[PDB]
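Encoded as structure tokens, the following chain is the form deposited without adenosine-5'-triphosphate (ATP), with no partner shown.
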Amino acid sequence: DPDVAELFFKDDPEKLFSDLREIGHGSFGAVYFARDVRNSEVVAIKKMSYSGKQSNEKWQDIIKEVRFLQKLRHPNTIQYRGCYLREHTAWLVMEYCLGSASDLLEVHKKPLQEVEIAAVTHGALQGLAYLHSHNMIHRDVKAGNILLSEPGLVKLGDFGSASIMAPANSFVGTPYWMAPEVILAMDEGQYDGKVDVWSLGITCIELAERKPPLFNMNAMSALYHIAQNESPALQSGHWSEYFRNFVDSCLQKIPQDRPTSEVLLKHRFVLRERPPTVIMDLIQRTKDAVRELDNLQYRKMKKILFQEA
């Protein structure tokens, strides 16, 4: 059992974790909030079954992600804690992040404050520059994959579409956030980690406006429009120039004009001094808002307070 013996711990996850509560799902399967019985610590577990239809590809997806996750050692990437295997289900365990940037947008039904967008953007950017420095590409940067964790850190999540080498040429990502060069690859081309810089630019707008541009058209049309049309920009003139320029820089259409994530780490938007408690306060005000939600037991965003139950 080659990859099994190599990549997994032998323990039975069922004896290690309890209070599993679903906090997300996708084709892979589902992600869960859980409690590590050994130290009374909360963790996140992504269960990936490989029996459903055809074990084959699901199993390959599992191994690739485990191997990818094993390589990450940066504070702005989700911390991987190991994996277990039981009944055709791989349990990938990770540190727990109580919410994504997207959940934040859903709880307040309002864009984030600019200082908060800067703090979220900066953290995700650091993670991208780290991934890029090792020639990897995330390929699915969006508010839903930027996670918050206490006491107050921003971490990149969901490496299910990631590439371990640049240049890359696969059609992958989430339509509205995909860079033109990735869509162009739809024919036969290649692209950089710069595509993540583009996706980050779209995410910045999503954090400022709750949705990415083109969210009002179907996926196929958006794809055609991203490629063949001008670049979107923040629509309100009220955001500072630093933010405005940061976003327009990320959204340069031709890779060559787009800066690398490393260069962006020196951008004024990201370097402008901000209170040291921004993320922490953002999380606290979010937890507080969720507690006031009407009919909480039935509101999906209650997951933000799972660690209290």
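Position 1 is the first residue in the sequence shown; the rest follow in order.
Once the C-alpha B-factors are averaged per stretch, 55 to 63 and 253 to 261 rank with 55 to 63 first. For the two regions 240 to 248 and 44 to 52, the entry's Cα B-factors average higher over 44 to 52. When the C-alpha B-factors of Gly189, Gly127, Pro212, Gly82 are read from the PDB record, the largest value belongs to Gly189. In this entry, the residue among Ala219, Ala227, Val197, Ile137 with the greatest C-alpha B factor is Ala227.
In the deposited entry, the Cα temperature factor of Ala289 places it in the highest third of its chain's modelled residues.
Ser231: CA B factor in the highest third of modelled residues in this chain (values from the PDB entry). In the PDB entry, a CA B factor belonging to the highest third of its chain's modelled residues is recorded for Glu14.
In the deposited entry, the Cα temperature factor of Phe68 places it in the middle third of its chain's modelled residues. Ranked by C-alpha B-factor against the other modelled residues of its chain, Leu184 falls in the highest third.
There is another form of this protein, the form solved in complex with adenosine-5'-triphosphate (ATP), and it is not shown here; the text below is about that form.
Within this chain, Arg291 is remote from the site of adenosine-5'-triphosphate (ATP) in the deposited complex, having no heavy atom within 4.5 Å. Although the partner is absent here, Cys97 is a contact residue: one of its heavy atoms lies within 4.5 angstroms of adenosine-5'-triphosphate (ATP) in the deposited complex. Proximity of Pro275 to adenosine-5'-triphosphate (ATP) in the deposited complex falls outside the 4.5 Å heavy atom cutoff. Put simply, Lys10 is far from adenosine-5'-triphosphate (ATP) in the deposited complex: not one heavy atom of it is within 4.5 Å. Taking the partner from elsewhere, no residue among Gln113, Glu209 and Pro213 has a non-hydrogen atom within 4.5 angstroms of adenosine-5'-triphosphate (ATP) in the deposited complex. For the options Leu104, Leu147, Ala90, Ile202, the one in contact with adenosine-5'-triphosphate (ATP) in the deposited complex, meaning a heavy atom within 4.5 Å, is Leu147. Think of it this way: in the deposited complex, adenosine-5'-triphosphate (ATP) has a heavy atom of just one of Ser40, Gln70, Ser27, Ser51 within 4.5 Å, and the residue is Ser27.
Picking from 122 to 130, 213 to 221, 228 to 236, 137 to 145 the stretch near adenosine-5'-triphosphate (ATP) in the deposited complex, with a 4.5 Å limit on heavy atoms, gives 137 to 145.
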